[PDB]
>>> print(open('target_24.csv').read())   # CSV, C-alpha atoms and all ligand atoms
chain,number,residue,atom,x,y,z
A,5,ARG,CA,-70.2,-29.8,11.0
A,6,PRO,CA,-70.2,-29.5,7.2
A,7,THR,CA,-69.7,-32.4,4.9
A,8,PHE,CA,-66.0,-32.7,4.0
A,9,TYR,CA,-64.5,-34.2,0.9
A,10,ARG,CA,-61.0,-35.4,0.1
A,11,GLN,CA,-58.7,-34.9,-2.9
A,12,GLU,CA,-55.0,-35.0,-3.7
A,13,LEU,CA,-53.1,-32.1,-5.2
A,14,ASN,CA,-49.4,-32.2,-5.8
A,15,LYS,CA,-49.0,-35.2,-3.5
A,16,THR,CA,-50.8,-33.2,-0.7
A,17,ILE,CA,-54.2,-34.4,0.7
A,18,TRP,CA,-56.8,-31.7,1.0
A,19,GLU,CA,-59.8,-32.5,3.2
A,20,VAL,CA,-62.2,-29.4,3.1
A,21,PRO,CA,-65.8,-28.6,3.5
A,22,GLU,CA,-67.9,-29.0,0.3
A,23,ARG,CA,-68.5,-25.3,0.1
A,24,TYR,CA,-64.9,-24.9,-1.1
A,25,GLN,CA,-64.5,-26.0,-4.7
A,26,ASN,CA,-62.2,-26.0,-7.7
A,27,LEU,CA,-59.0,-26.0,-5.6
A,28,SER,CA,-56.1,-24.8,-7.7
A,29,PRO,CA,-52.5,-24.6,-6.4
A,30,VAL,CA,-51.0,-21.2,-5.8
A,31,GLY,CA,-47.8,-21.9,-3.8
A,32,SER,CA,-46.0,-24.5,-1.7
A,33,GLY,CA,-43.0,-24.7,0.6
A,34,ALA,CA,-41.7,-26.5,3.7
A,35,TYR,CA,-44.4,-25.1,6.1
A,36,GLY,CA,-47.5,-25.5,4.0
A,37,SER,CA,-49.4,-25.0,0.7
A,38,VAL,CA,-52.0,-22.5,-0.6
A,39,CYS,CA,-54.8,-23.2,-3.1
A,40,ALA,CA,-57.2,-20.9,-4.8
A,41,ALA,CA,-60.8,-22.0,-4.7
A,42,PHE,CA,-64.5,-20.9,-5.1
A,43,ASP,CA,-66.7,-20.6,-2.0
A,44,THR,CA,-70.2,-21.7,-3.1
A,45,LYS,CA,-71.8,-20.4,0.1
A,46,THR,CA,-70.9,-16.8,-1.0
A,47,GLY,CA,-70.1,-17.0,-4.7
A,48,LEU,CA,-66.6,-15.5,-4.0
A,49,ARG,CA,-63.1,-16.6,-4.8
A,50,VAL,CA,-61.0,-17.5,-1.7
A,51,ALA,CA,-57.6,-18.8,-0.9
A,52,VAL,CA,-57.0,-21.7,1.5
A,53,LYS,CA,-53.8,-22.2,3.3
A,54,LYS,CA,-53.1,-25.8,4.7
A,55,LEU,CA,-50.2,-26.0,7.2
A,56,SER,CA,-47.9,-29.0,6.7
A,57,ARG,CA,-47.8,-31.3,9.7
A,58,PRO,CA,-48.7,-28.5,12.2
A,59,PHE,CA,-48.1,-30.5,15.3
A,60,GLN,CA,-45.1,-32.6,14.2
A,61,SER,CA,-42.6,-30.5,16.2
A,62,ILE,CA,-42.5,-27.7,18.8
A,63,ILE,CA,-41.5,-25.2,16.1
A,64,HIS,CA,-44.4,-26.3,13.9
A,65,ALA,CA,-46.9,-26.2,16.7
A,66,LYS,CA,-45.9,-22.8,18.1
A,67,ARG,CA,-45.8,-21.3,14.6
A,68,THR,CA,-49.3,-22.7,14.0
A,69,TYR,CA,-50.6,-21.1,17.1
A,70,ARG,CA,-48.8,-17.8,16.4
A,71,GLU,CA,-50.3,-17.5,13.0
A,72,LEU,CA,-53.9,-18.3,14.0
A,73,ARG,CA,-53.8,-15.9,16.9
A,74,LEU,CA,-52.4,-13.1,14.8
A,75,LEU,CA,-54.7,-13.6,11.8
A,76,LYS,CA,-57.7,-13.7,14.2
A,77,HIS,CA,-56.7,-10.3,15.4
A,78,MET,CA,-56.0,-8.5,12.1
A,79,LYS,CA,-58.9,-6.2,11.2
A,80,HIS,CA,-57.6,-3.6,8.7
A,81,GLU,CA,-58.4,-2.8,5.0
A,82,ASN,CA,-54.7,-3.2,4.0
A,83,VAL,CA,-53.9,-6.4,6.0
A,84,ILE,CA,-55.0,-9.9,5.3
A,85,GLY,CA,-58.1,-11.0,7.4
A,86,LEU,CA,-59.4,-14.5,8.3
A,87,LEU,CA,-62.7,-15.5,6.7
A,88,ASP,CA,-62.7,-19.0,8.1
A,89,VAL,CA,-60.5,-21.6,9.8
A,90,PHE,CA,-61.3,-25.3,10.0
A,91,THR,CA,-60.1,-28.8,10.6
A,92,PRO,CA,-61.6,-32.2,9.5
A,93,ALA,CA,-61.1,-33.3,13.0
A,94,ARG,CA,-64.1,-33.9,15.3
A,95,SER,CA,-62.1,-34.0,18.5
A,96,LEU,CA,-58.8,-32.7,20.0
A,97,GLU,CA,-57.7,-36.4,20.0
A,98,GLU,CA,-57.7,-36.6,16.2
A,99,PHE,CA,-56.8,-32.9,15.6
A,100,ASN,CA,-53.9,-33.1,13.2
A,101,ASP,CA,-54.5,-30.5,10.5
A,102,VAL,CA,-55.2,-26.7,10.3
A,103,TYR,CA,-56.7,-24.8,7.3
A,104,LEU,CA,-57.0,-21.0,7.0
A,105,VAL,CA,-59.2,-19.1,4.5
A,106,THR,CA,-59.1,-15.5,3.2
A,107,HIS,CA,-60.8,-13.7,0.4
A,108,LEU,CA,-58.8,-14.0,-2.9
A,109,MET,CA,-57.7,-10.5,-4.0
A,110,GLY,CA,-55.2,-11.3,-6.8
A,114,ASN,CA,-47.8,-8.1,-7.2
A,115,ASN,CA,-46.1,-9.1,-10.4
A,116,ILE,CA,-45.3,-5.8,-12.3
A,119,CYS,CA,-53.7,-2.6,-11.0
A,120,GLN,CA,-53.6,-1.6,-14.7
A,121,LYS,CA,-51.2,1.4,-15.2
A,122,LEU,CA,-47.9,2.3,-13.6
A,123,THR,CA,-48.4,6.0,-13.1
A,124,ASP,CA,-46.8,8.1,-10.3
A,125,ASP,CA,-50.4,8.2,-9.1
A,126,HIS,CA,-50.6,4.5,-8.7
A,127,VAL,CA,-47.2,4.2,-7.1
A,128,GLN,CA,-48.4,6.8,-4.5
A,129,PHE,CA,-51.6,4.8,-3.8
A,130,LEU,CA,-49.8,1.5,-3.6
A,131,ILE,CA,-47.0,2.6,-1.2
A,132,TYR,CA,-49.6,4.7,0.8
A,133,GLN,CA,-51.6,1.5,1.5
A,134,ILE,CA,-48.5,-0.5,2.4
A,135,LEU,CA,-47.6,2.2,4.9
A,136,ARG,CA,-51.1,2.4,6.3
A,137,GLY,CA,-51.2,-1.4,6.8
A,138,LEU,CA,-47.7,-1.3,8.4
A,139,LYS,CA,-48.8,1.5,10.8
A,140,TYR,CA,-51.5,-0.9,12.0
A,141,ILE,CA,-49.2,-4.0,12.2
A,142,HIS,CA,-46.5,-2.1,14.0
A,143,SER,CA,-49.1,-0.7,16.5
A,144,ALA,CA,-49.7,-4.3,17.6
A,145,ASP,CA,-46.0,-4.7,18.4
A,146,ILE,CA,-45.5,-6.9,15.3
A,147,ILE,CA,-42.5,-6.6,13.0
A,148,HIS,CA,-43.2,-8.1,9.6
A,149,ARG,CA,-39.5,-8.9,8.7
A,150,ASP,CA,-40.5,-10.5,5.3
A,151,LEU,CA,-41.8,-7.7,3.2
A,152,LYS,CA,-41.4,-8.2,-0.5
A,153,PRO,CA,-43.6,-8.0,-3.6
A,154,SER,CA,-44.7,-11.7,-3.3
A,155,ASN,CA,-46.2,-10.8,0.2
A,156,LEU,CA,-48.5,-8.1,-1.3
A,157,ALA,CA,-51.9,-8.7,-2.8
A,158,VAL,CA,-53.5,-6.3,-5.2
A,159,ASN,CA,-56.7,-6.0,-7.2
A,160,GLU,CA,-57.8,-4.4,-10.4
A,161,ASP,CA,-58.8,-1.2,-8.5
A,162,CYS,CA,-55.2,-1.0,-7.1
A,163,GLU,CA,-56.3,-1.8,-3.6
A,164,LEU,CA,-53.6,-3.7,-1.6
A,165,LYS,CA,-53.2,-6.0,1.4
A,166,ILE,CA,-50.1,-7.1,3.2
A,167,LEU,CA,-49.8,-10.7,4.0
A,168,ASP,CA,-47.0,-13.3,4.8
A,169,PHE,CA,-47.0,-16.6,3.0
A,170,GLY,CA,-44.6,-17.9,5.6
A,171,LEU,CA,-44.1,-21.1,3.7
A,172,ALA,CA,-40.3,-21.0,3.0
A,173,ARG,CA,-41.2,-21.3,-0.7
A,181,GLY,CA,-40.9,-15.0,-10.8
A,182,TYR,CA,-38.1,-15.5,-8.3
A,183,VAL,CA,-38.2,-13.0,-5.3
A,184,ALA,CA,-35.5,-13.4,-2.7
A,185,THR,CA,-36.2,-12.2,0.8
A,186,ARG,CA,-32.6,-10.9,1.1
A,187,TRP,CA,-33.2,-8.4,-1.7
A,188,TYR,CA,-35.6,-6.3,0.5
A,189,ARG,CA,-33.9,-7.0,3.9
A,190,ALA,CA,-32.4,-4.2,6.0
A,191,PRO,CA,-28.7,-4.7,6.5
A,192,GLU,CA,-28.8,-4.5,10.3
A,193,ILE,CA,-31.1,-7.6,10.5
A,194,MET,CA,-29.5,-9.4,7.5
A,195,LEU,CA,-26.1,-9.3,9.1
A,196,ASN,CA,-26.9,-9.2,12.9
A,197,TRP,CA,-25.3,-5.8,13.3
A,198,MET,CA,-27.2,-4.7,16.4
A,199,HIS,CA,-30.6,-4.8,18.1
A,200,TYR,CA,-33.0,-3.7,15.4
A,201,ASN,CA,-36.4,-1.9,15.4
A,202,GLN,CA,-39.7,-1.8,13.4
A,203,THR,CA,-38.1,0.3,10.7
A,204,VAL,CA,-36.5,-2.8,9.2
A,205,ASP,CA,-39.9,-3.0,7.4
A,206,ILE,CA,-39.5,0.6,6.2
A,207,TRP,CA,-36.2,-0.4,4.5
A,208,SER,CA,-38.3,-3.1,2.6
A,209,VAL,CA,-40.8,-0.5,1.6
A,210,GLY,CA,-38.1,1.8,0.2
A,211,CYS,CA,-36.8,-1.2,-1.9
A,212,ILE,CA,-40.3,-2.0,-3.2
A,213,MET,CA,-41.1,1.7,-4.0
A,214,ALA,CA,-37.7,2.0,-5.9
A,215,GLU,CA,-38.6,-1.0,-8.1
A,216,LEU,CA,-42.0,0.4,-8.8
A,217,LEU,CA,-40.3,3.6,-10.0
A,218,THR,CA,-37.4,2.1,-12.1
A,219,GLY,CA,-38.8,-1.2,-13.3
A,220,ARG,CA,-35.9,-3.2,-11.7
A,221,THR,CA,-35.0,-4.7,-8.5
A,222,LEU,CA,-32.9,-2.2,-6.5
A,223,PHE,CA,-30.5,-4.6,-4.8
A,224,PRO,CA,-30.6,-8.1,-6.4
A,225,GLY,CA,-27.7,-9.6,-4.4
A,226,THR,CA,-26.8,-13.2,-4.9
A,227,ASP,CA,-25.8,-13.8,-1.2
A,228,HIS,CA,-25.4,-11.7,1.9
A,229,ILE,CA,-21.9,-10.4,1.0
A,230,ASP,CA,-23.0,-9.3,-2.5
A,231,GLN,CA,-26.3,-7.9,-1.0
A,232,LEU,CA,-24.3,-5.6,1.4
A,233,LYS,CA,-22.0,-4.6,-1.5
A,234,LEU,CA,-24.9,-3.5,-3.6
A,235,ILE,CA,-26.5,-1.6,-0.7
A,236,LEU,CA,-23.4,0.3,0.2
A,237,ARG,CA,-22.9,1.3,-3.4
A,238,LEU,CA,-26.1,3.4,-3.1
A,239,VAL,CA,-26.1,4.6,0.5
A,240,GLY,CA,-22.4,4.7,1.2
A,241,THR,CA,-20.2,3.0,3.8
A,242,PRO,CA,-21.1,3.6,7.4
A,243,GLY,CA,-19.2,6.5,9.0
A,244,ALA,CA,-17.6,6.6,12.4
A,245,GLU,CA,-20.8,7.5,14.2
A,246,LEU,CA,-22.8,4.6,12.8
A,247,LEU,CA,-19.9,2.1,13.1
A,248,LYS,CA,-19.9,2.8,16.8
A,249,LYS,CA,-23.5,1.6,16.9
A,250,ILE,CA,-22.6,-1.7,15.1
A,251,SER,CA,-22.1,-3.7,18.3
A,252,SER,CA,-21.1,-6.9,16.5
A,253,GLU,CA,-17.3,-6.9,16.4
A,254,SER,CA,-17.0,-9.3,13.5
A,255,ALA,CA,-19.4,-7.2,11.5
A,256,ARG,CA,-17.6,-3.9,12.4
A,257,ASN,CA,-14.2,-5.4,11.5
A,258,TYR,CA,-15.6,-6.6,8.2
A,259,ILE,CA,-17.2,-3.3,7.2
A,260,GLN,CA,-14.0,-1.4,8.1
A,261,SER,CA,-11.9,-3.7,5.8
A,262,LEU,CA,-14.0,-2.8,2.8
A,263,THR,CA,-13.2,-0.2,0.2
A,264,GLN,CA,-15.1,2.9,1.3
A,265,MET,CA,-18.0,4.1,-0.9
A,266,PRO,CA,-19.6,7.5,-1.0
A,267,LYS,CA,-23.4,8.1,-0.7
A,268,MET,CA,-24.9,8.4,-4.2
A,269,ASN,CA,-27.0,11.4,-5.2
A,270,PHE,CA,-30.5,9.9,-5.4
A,271,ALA,CA,-31.7,12.5,-7.8
A,272,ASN,CA,-29.3,11.1,-10.3
A,273,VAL,CA,-30.1,7.4,-9.5
A,274,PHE,CA,-33.8,8.0,-9.9
A,275,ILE,CA,-33.6,10.5,-12.7
A,276,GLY,CA,-37.0,11.5,-14.0
A,277,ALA,CA,-39.0,10.6,-10.9
A,278,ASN,CA,-41.2,12.9,-8.8
A,279,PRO,CA,-38.8,14.8,-6.6
A,280,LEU,CA,-41.1,14.0,-3.6
A,281,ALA,CA,-40.7,10.3,-4.4
A,282,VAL,CA,-36.9,10.7,-4.4
A,283,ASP,CA,-37.0,12.6,-1.1
A,284,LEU,CA,-39.1,9.8,0.5
A,285,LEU,CA,-36.7,7.1,-0.7
A,286,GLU,CA,-33.9,9.2,0.8
A,287,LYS,CA,-35.6,9.0,4.2
A,288,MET,CA,-36.4,5.3,4.0
A,289,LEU,CA,-33.1,4.0,2.6
A,290,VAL,CA,-30.7,5.1,5.4
A,291,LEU,CA,-28.4,2.7,7.1
A,292,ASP,CA,-28.8,4.2,10.5
A,293,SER,CA,-32.1,2.7,11.8
A,294,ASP,CA,-32.3,5.5,14.5
A,295,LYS,CA,-32.7,8.0,11.7
A,296,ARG,CA,-34.9,6.1,9.3
A,297,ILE,CA,-38.5,7.4,8.9
A,298,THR,CA,-41.3,5.4,10.6
A,299,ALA,CA,-44.5,4.3,9.0
A,300,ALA,CA,-46.6,7.1,10.7
A,301,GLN,CA,-44.1,9.8,9.7
A,302,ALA,CA,-44.0,8.5,6.1
A,303,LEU,CA,-47.8,8.7,5.9
A,304,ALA,CA,-47.5,12.4,6.6
A,305,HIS,CA,-44.9,12.9,3.9
A,306,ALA,CA,-46.0,15.3,1.1
A,307,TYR,CA,-45.6,12.5,-1.5
A,308,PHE,CA,-49.0,11.2,-0.1
A,309,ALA,CA,-50.9,14.5,0.1
A,310,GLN,CA,-53.7,13.4,-2.1
A,311,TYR,CA,-54.3,10.2,0.1
A,312,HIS,CA,-53.2,11.0,3.6
A,313,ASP,CA,-56.1,11.4,6.2
A,314,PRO,CA,-54.8,11.3,9.7
A,315,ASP,CA,-58.3,10.4,10.9
A,316,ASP,CA,-58.5,7.3,8.7
A,317,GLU,CA,-55.1,5.7,9.5
A,318,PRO,CA,-56.1,3.5,12.4
A,319,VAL,CA,-54.1,1.5,14.9
A,320,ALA,CA,-54.7,-2.0,16.3
A,321,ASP,CA,-56.5,-3.1,19.4
A,322,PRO,CA,-54.0,-4.3,22.0
A,323,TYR,CA,-52.6,-7.7,21.1
A,324,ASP,CA,-51.5,-10.1,23.9
A,325,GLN,CA,-48.3,-11.8,23.0
A,326,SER,CA,-47.6,-13.2,26.4
A,327,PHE,CA,-47.7,-16.7,24.9
A,328,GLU,CA,-44.4,-16.0,23.1
A,329,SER,CA,-42.6,-16.3,26.5
A,330,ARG,CA,-44.0,-19.7,27.3
A,331,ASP,CA,-42.0,-22.9,26.8
A,332,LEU,CA,-44.6,-25.5,26.1
A,333,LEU,CA,-44.9,-29.1,24.7
A,334,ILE,CA,-46.3,-30.0,21.3
A,335,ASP,CA,-49.6,-31.2,22.9
A,336,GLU,CA,-50.0,-28.0,24.8
A,337,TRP,CA,-49.6,-25.8,21.8
A,338,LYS,CA,-51.9,-28.2,20.0
A,339,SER,CA,-54.6,-27.7,22.7
A,340,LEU,CA,-54.3,-23.9,22.6
A,341,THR,CA,-54.6,-23.9,18.8
A,342,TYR,CA,-57.7,-26.2,19.0
A,343,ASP,CA,-59.3,-23.7,21.4
A,344,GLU,CA,-58.7,-20.9,18.9
A,345,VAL,CA,-60.2,-23.0,16.0
A,346,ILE,CA,-63.3,-23.7,18.1
A,347,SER,CA,-63.9,-20.1,19.2
A,348,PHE,CA,-63.5,-18.5,15.8
A,349,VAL,CA,-66.4,-16.4,14.6
A,350,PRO,CA,-66.5,-15.4,10.9
A,351,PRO,CA,-66.8,-11.7,10.1
A,352,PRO,CA,-70.1,-10.3,8.8
B,1,LIG,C1,-45.9,-18.5,11.3
B,1,LIG,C2,-46.6,-17.3,10.7
B,1,LIG,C3,-47.1,-16.2,11.6
B,1,LIG,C4,-47.7,-15.2,11.1
B,1,LIG,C5,-47.9,-15.1,9.6
B,1,LIG,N1,-48.6,-13.9,9.1
B,1,LIG,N2,-48.2,-12.7,9.5
B,1,LIG,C6,-49.0,-11.8,8.9
B,1,LIG,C7,-49.0,-10.3,9.0
B,1,LIG,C8,-47.8,-9.9,9.8
B,1,LIG,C9,-49.0,-9.7,7.6
B,1,LIG,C10,-50.2,-9.9,9.8
B,1,LIG,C11,-49.9,-12.5,8.0
B,1,LIG,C12,-49.6,-13.9,8.2
B,1,LIG,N3,-50.1,-15.0,7.6
B,1,LIG,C13,-50.6,-15.0,6.3
B,1,LIG,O1,-50.6,-14.0,5.6
B,1,LIG,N4,-51.1,-16.3,5.9
B,1,LIG,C14,-51.6,-16.5,4.6
B,1,LIG,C15,-50.6,-16.1,3.6
B,1,LIG,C16,-51.1,-16.3,2.2
B,1,LIG,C17,-52.4,-16.7,1.8
B,1,LIG,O2,-52.7,-16.8,0.5
B,1,LIG,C18,-51.8,-16.4,-0.5
B,1,LIG,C19,-52.7,-16.2,-1.7
B,1,LIG,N5,-53.2,-14.9,-1.9
B,1,LIG,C20,-54.1,-14.5,-0.8
B,1,LIG,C21,-54.8,-13.1,-1.1
B,1,LIG,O3,-55.4,-13.2,-2.4
B,1,LIG,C22,-54.6,-13.5,-3.4
B,1,LIG,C23,-53.9,-14.9,-3.2
B,1,LIG,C24,-53.2,-17.0,2.8
B,1,LIG,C25,-54.7,-17.6,2.6
B,1,LIG,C26,-55.3,-17.9,3.7
B,1,LIG,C27,-54.9,-17.8,4.7
B,1,LIG,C28,-53.9,-17.4,5.1
B,1,LIG,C29,-52.8,-17.0,4.3
B,1,LIG,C30,-47.5,-16.0,8.8
B,1,LIG,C31,-46.8,-17.3,9.4
>>> encode(input="target_24.csv", output="C-alpha cells")
Amino acid sequence: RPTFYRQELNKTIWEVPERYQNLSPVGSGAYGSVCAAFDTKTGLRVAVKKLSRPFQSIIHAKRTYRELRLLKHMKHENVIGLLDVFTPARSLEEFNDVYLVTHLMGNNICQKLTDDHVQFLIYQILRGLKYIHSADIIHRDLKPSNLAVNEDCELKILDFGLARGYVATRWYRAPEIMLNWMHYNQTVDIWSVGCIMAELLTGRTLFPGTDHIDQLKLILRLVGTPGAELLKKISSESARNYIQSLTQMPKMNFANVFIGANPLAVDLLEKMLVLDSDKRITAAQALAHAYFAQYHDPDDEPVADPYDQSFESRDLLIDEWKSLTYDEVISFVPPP
C-alpha cells in the first residue's frame, strides 16, 4: 500500500497515493469530480476521477460498479482505458471512496481543421463506437465534451458521467430517445456522430435547441416531418398526436445546407441524420463509406471481447454493490 496524502480542492477532499501530484481541477458535477495530475512513477500526465459518495445510495453504488466493470473491460485505441483504480481504504469495512485514473490526452474547436482532419477524427469516433457497440453498450451521451484529442489528432471516446464552453446533451441526442418515441437501437449514437461531424464542417452547432420542443423543431427543419410510414413506428400515442399537430416541414437538400463541403461528407451526413432508426447507417457500415477510404482497414477495426452484463438484472442492496466494487478494485491489474 502506497503512502497517501490529503488535500482539499473546491471543497472536495482528495486522498491519493503520493505518486499523483499537482492535482488541478478539470470538471465537477453531482456524481463526481475530475482533476488533472502528474504521475511521478511514470513522468506522464494523468486524469483522476473521484466519485462523489459512491455508496450513499443504490443508484450511486450500482453506477460505481457499472463504471468500474466497464472501464476495466475497455481495451481499444479510440476508447478510454483504466491505468489505475484505488481507494484510501484498507478494508471493506472502511471502503467509502473510489478513484479512477487514465492517461491525460487533452474537443474545443489537433492543429488544423482540414477535410483530412475531419475525416480522421470522425473515422476514429466510428472505430471506437464499433468496439463499444460490439460489447452491447450504447453510449447515449456522445457530444464534443466526451471526446479527448491530442496534438496528433488522435482521439478517444469517454463519458464524464458527472451531470456537469456550454455543451448540452440534448443538442446531439436522437429524437427517438429524447422524446421516448419508441424502442431505440445503437444507432442513437450515430445520430450524435452526424451532429458532431456537421459542426466540424460548418463551425456551428447543428441543432442548438433550448428545450426538447425547440430541439425537435430544429431537427425537423432539416430532416423534415415524419411521413406516414415512420409515424406508424412511433408507438407513443402522445408523441404521435403531437408530431401530427405540427406544421409539416420538407426535408432540406443537404448539398445546399453544407455548401462547399466534400460531396462524400454530405452523403455520409445524409445517411446518419435520418429520423427512421431502422434506416440509419451503423458504425460498421459507416467505416466502409468512401469518405474514409484513406483510413479504412477492415482488418484493423476490432471488436470487443464478450462483456458479461448479467449484473444489470440483479436487485441488490448498497452493501452488496459495495462488496462487488471492492472485489473489482482489489483484482485490478494495471496495463503494461
Ligand atoms: C456510471 C458510468 C458508467 C460508465 C461510464 N463510461 N462509459 C464509458 C464508455 C461507454 C465510453 C466506455 C466511459 C465511461 N467512464 C469514463 O469515461 N470515466 C472517466 C470520464 C472522464 C475522465 O477524465 C476526463 C478528463 N480527460 C481524460 C482524458 O484526457 C483528457 C482529460 C476520466 C479519468 C479517469 C477516469 C475515468 C474517467 C461513465 C459513468
>>> residues_near_ligand(input="target_24.csv", ligand="ligand LIG 1 (chain B)", cutoff="6 Å", atoms="only C-alpha atoms and all ligand atoms", output="list in words")
residues 38, 51, 52, 53, 67, 70, 71, 104, 105, 106, 108, 109, 110, 148, 157, 166, 167, 168, 169 and 170 of chain A
>>> atom_distance(input="target_24.csv", atom1="atom CA of residue 285 of chain A", atom2="atom CA of residue 307 of chain A")
10.4 Å
>>> closest_residue(input="target_24.csv", among="A:41, A:346, A:217, A:135", to="residue 299 of chain A", atoms="all atoms listed in the file")
A:135
>>> atom_distance(input="target_24.csv", atom1="atom CA of residue 138 of chain A", atom2="atom CA of residue 78 of chain A")
11.6 Å
>>> atom_distance(input="target_24.csv", atom1="atom CA of residue 246 of chain A", atom2="atom CA of residue 260 of chain A")
11.6 Å
>>> residues_around(input="target_24.csv", residues="residue 186 of chain A", least_positions_apart="6", cutoff="10 Å", atoms="all atoms listed in the file", output="list in words")
residues 150, 151, 152, 194, 208, 223, 224, 225, 226, 227, 228, 231 and 232 of chain A
>>> closest_residue(input="target_24.csv", among="A:192, A:317, A:205, A:335", to="residue 99 of chain A", atoms="all atoms listed in the file")
A:335
>>> residues_around(input="target_24.csv", residues="residue 76 of chain A", least_positions_apart="2", cutoff="8 Å", atoms="all atoms listed in the file", output="PyMOL selection string")
chain A and resi 72-74+78+85-86+348
>>> write_last_selection(input="target_24.csv", atoms="C-alpha atoms", output="PDB file, in the coordinates of the input")
ATOM      1  CA  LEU A  72     -53.900 -18.300  14.000  1.00  0.00           C
ATOM      2  CA  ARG A  73     -53.800 -15.900  16.900  1.00  0.00           C
ATOM      3  CA  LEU A  74     -52.400 -13.100  14.800  1.00  0.00           C
ATOM      4  CA  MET A  78     -56.000  -8.500  12.100  1.00  0.00           C
ATOM      5  CA  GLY A  85     -58.100 -11.000   7.400  1.00  0.00           C
ATOM      6  CA  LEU A  86     -59.400 -14.500   8.300  1.00  0.00           C
ATOM      7  CA  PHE A 348     -63.500 -18.500  15.800  1.00  0.00           C
TER       8      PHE A 348
END
>>> closest_residue(input="target_24.csv", among="A:54, A:126, A:45, A:249", to="residue 19 of chain A", atoms="all atoms listed in the file")
A:54
>>> closest_residue(input="target_24.csv", among="A:314, A:18, A:127, A:292", to="residue 245 of chain A", atoms="only C-alpha atoms")
A:292
>>> closest_residue(input="target_24.csv", among="A:66, A:79, A:330, A:305", to="residue 283 of chain A", atoms="all atoms listed in the file")
A:305
>>> closest_residue(input="target_24.csv", among="A:189, A:57, A:15, A:220", to="residue 289 of chain A", atoms="only C-alpha atoms")
A:189
>>> residues_around(input="target_24.csv", residues="residue 58 of chain A", least_positions_apart="3", cutoff="8 Å", atoms="all atoms listed in the file", output="VMD selection string")
chain A and resid 55 61 64 to 65 68 100 to 102
>>> residues_around(input="target_24.csv", residues="residue 254 of chain A", least_positions_apart="4", cutoff="10 Å", atoms="only C-alpha atoms", output="list in words")
residues 196, 197, 250, 258 and 259 of chain A
>>> residues_around(input="target_24.csv", residues="residue 207 of chain A", least_positions_apart="2", cutoff="6 Å", atoms="only C-alpha atoms", output="list in words")
residues 190, 204, 205, 209, 210, 288 and 289 of chain A
>>> decode(input="target_24.csv", residues="segment 84-96 of chain A", atoms="N, CA and C atoms", output="compact mmCIF listing (two decimals), in the first residue's frame")
# COMPACT_ATOMS: atom_id res chain seq x y z
N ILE A 84 -11.39 5.34 -23.89
CA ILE A 84 -10.68 5.49 -22.63
C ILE A 84 -10.30 4.14 -22.05
N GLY A 85 -9.11 4.05 -21.43
CA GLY A 85 -8.73 2.86 -20.70
C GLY A 85 -8.28 3.22 -19.29
N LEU A 86 -8.34 2.22 -18.40
CA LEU A 86 -8.09 2.41 -16.97
C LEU A 86 -6.63 2.08 -16.66
N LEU A 87 -5.85 3.12 -16.27
CA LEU A 87 -4.46 2.95 -15.85
C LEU A 87 -4.35 2.43 -14.42
N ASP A 88 -5.25 2.89 -13.55
CA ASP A 88 -5.18 2.61 -12.13
C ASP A 88 -6.56 2.82 -11.54
N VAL A 89 -6.84 2.13 -10.44
CA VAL A 89 -8.00 2.40 -9.61
C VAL A 89 -7.58 2.15 -8.17
N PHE A 90 -8.03 3.01 -7.26
CA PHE A 90 -7.52 2.94 -5.90
C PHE A 90 -8.54 3.50 -4.92
N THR A 91 -8.32 3.16 -3.65
CA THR A 91 -9.10 3.66 -2.54
C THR A 91 -8.15 3.87 -1.36
N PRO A 92 -8.32 4.93 -0.57
CA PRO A 92 -7.54 5.05 0.67
C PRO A 92 -7.90 4.00 1.72
N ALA A 93 -9.01 3.30 1.54
CA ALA A 93 -9.43 2.28 2.49
C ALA A 93 -8.48 1.09 2.54
N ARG A 94 -8.31 0.54 3.73
CA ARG A 94 -7.50 -0.64 3.94
C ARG A 94 -8.34 -1.89 4.15
N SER A 95 -9.66 -1.75 4.24
CA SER A 95 -10.56 -2.88 4.42
C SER A 95 -11.90 -2.55 3.79
N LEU A 96 -12.69 -3.60 3.51
CA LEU A 96 -14.06 -3.39 3.06
C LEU A 96 -14.83 -2.53 4.05
